[PDB]
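Have a look at the structure below, then the notes.
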Amino acid sequence: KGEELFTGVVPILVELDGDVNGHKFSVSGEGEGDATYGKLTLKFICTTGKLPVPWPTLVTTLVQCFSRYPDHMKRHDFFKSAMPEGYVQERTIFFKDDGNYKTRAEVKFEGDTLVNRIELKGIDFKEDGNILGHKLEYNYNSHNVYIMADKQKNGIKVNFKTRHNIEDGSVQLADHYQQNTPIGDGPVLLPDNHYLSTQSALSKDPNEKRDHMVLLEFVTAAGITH
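With the authors' numbering applied, the sequence shown covers 3 to 64, 68 to 231.
Have a look at this one:
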């Protein structure tokens with residue numbers, strides 16, 4: 003089934019076009035995922051010049070099919086069940102005391118490659134805020150991503166809050182409301198309530214002159230213990 007497309011290392015391509023407060027930008031990413039280990043590594047380039055928002059604000063937007074679901078809970082993996090035809094992933098991301106991003110993405114195979122194509126619009130960012138002020142540290146926290154079935158849409162609803170460290174030691178929150186729906190017309194696995202536990206490290210390629218982000222990320226599904 004879909005899960006079987008993820009037993010090995012799979013190439014990943016990400017393409018994003020964005021507008022935040024009228025600042026236009028594009029990002030292209032390349033790397034690889036190994037869902038067997040819940041692992042991905044990606045390098046993202048801002049192909050339009052300087053990225054006009056902090057890189058950490060784009061991490062969640064820029068392939069949850071690479072999560073590792075433990076044996077006991079493999080039936081809860083909607084993301085892989087929708088493959089290869091894929092899924093639409095939509096979000097609104099509300100930065101507390103600040104603006105919001107609205108995103109629409111299609112995640113699917115194109116040949117051997119797992120592709121994430123995204124459009125992002127951001128509005129209502131404050132000139133005195135942390136986002137347009139570039140006050141976010143270049144680091145990334147560990148989160149819980151809550152997933153539930155959305156039987157009316159034959160998909161899932163996802164909700165979580167990310168924590169973005171600010172230079173002064175405050176923490177800027179981003180509330181994510183997400184939904185995913187299959188692209189194909191065939192049945193999917195709909196899960197029961199569960200979560201993904203995430204960890205990410207951000208780095209740079211010291212040789213790269215372009216504005217960019219290297220992401221190493223590990224994600225494991227989990228649920229209330231029994």
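Where is the CB? At the ideal position from N, CA and C, for every residue including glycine.
Give me the Cα-Cα distance between residue i and residue j, rounded to the nearest whole angstrom.
i         : j    : result
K166      : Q157 : 24 Å
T108      : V61  : 12 Å
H77       : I229 : 12 Å
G174      : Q183 : 28 Å
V22       : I152 : 27 Å
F8        : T38  : 7 Å
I161      : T203 : 18 Å
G4        : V11  : 15 Å
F27       : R73  : 32 Å
residue 1 : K126 : This structure does not reach residue 1, given that the chain is present from 3 up to 231, and the question cannot be answered.
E32       : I14  : 6 Å
Count the other C-beta atoms from every protein chain shown that fall within 10 angstroms of the C-beta of residue i, then say buried if there are 16 or more, exposed otherwise.
i    : result
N212 : exposed
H81  : buried
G191 : exposed
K113 : buried
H148 : buried
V16  : buried
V176 : exposed
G24  : exposed
In chain order, what residues of the same chain have a beta carbon less than 6 Å from the beta carbon of residue i, not counting five sequence neighbours either side?
i    : result
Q69  : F84
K131 : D103
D216 : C48, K52 and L53
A179 : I98, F100 and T167
Please look up how many angstroms separate the CB atoms of residue i and residue j, rounded, as I've assumed it's under 8 Å.
i    : j    : result
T59  : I123 : Not really, about 14 Å apart at Cβ, beyond 8 Å.
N164 : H181 : 7 Å
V93  : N185 : 7 Å
Leaving aside the five residues before and after residue i along the sequence, list all residues of the same chain whose C-beta is less than 8 Å from its C-beta, in chain order.
i    : result
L194 : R80, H81, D82, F83 and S86
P75  : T225, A226 and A227
Where does the unbroken beta strand (DSSP E) through residue i begin, and where does it stop?
i           : result
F223        : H217 to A227
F130        : Careful: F130 lies outside any beta strand (DSSP E) and carries neither H nor E.
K113        : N105 to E115
residue 232 : Given that the chain is displayed from residue 3 to residue 231, the structure contains no residue 232 and the question cannot be resolved.
Whose C-beta lies closer than 7 Å to the C-beta of residue i among residues of the same chain, with five residues either side of it excluded?
i    : result
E172 : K140 and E142
What residue range is occupied by the uninterrupted alpha helix (DSSP H) comprising residue i?
i    : result
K41  : Segment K41 to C48 is the beta strand (DSSP E) holding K41; no alpha helix (DSSP H) there.
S28  : It is not in any alpha helix (DSSP H) - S28 instead sits in the beta strand (DSSP E) that spans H25 to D36.
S147 : Where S147 is concerned, there is no enclosing alpha helix (DSSP H), given that its DSSP letter is neither H nor E.
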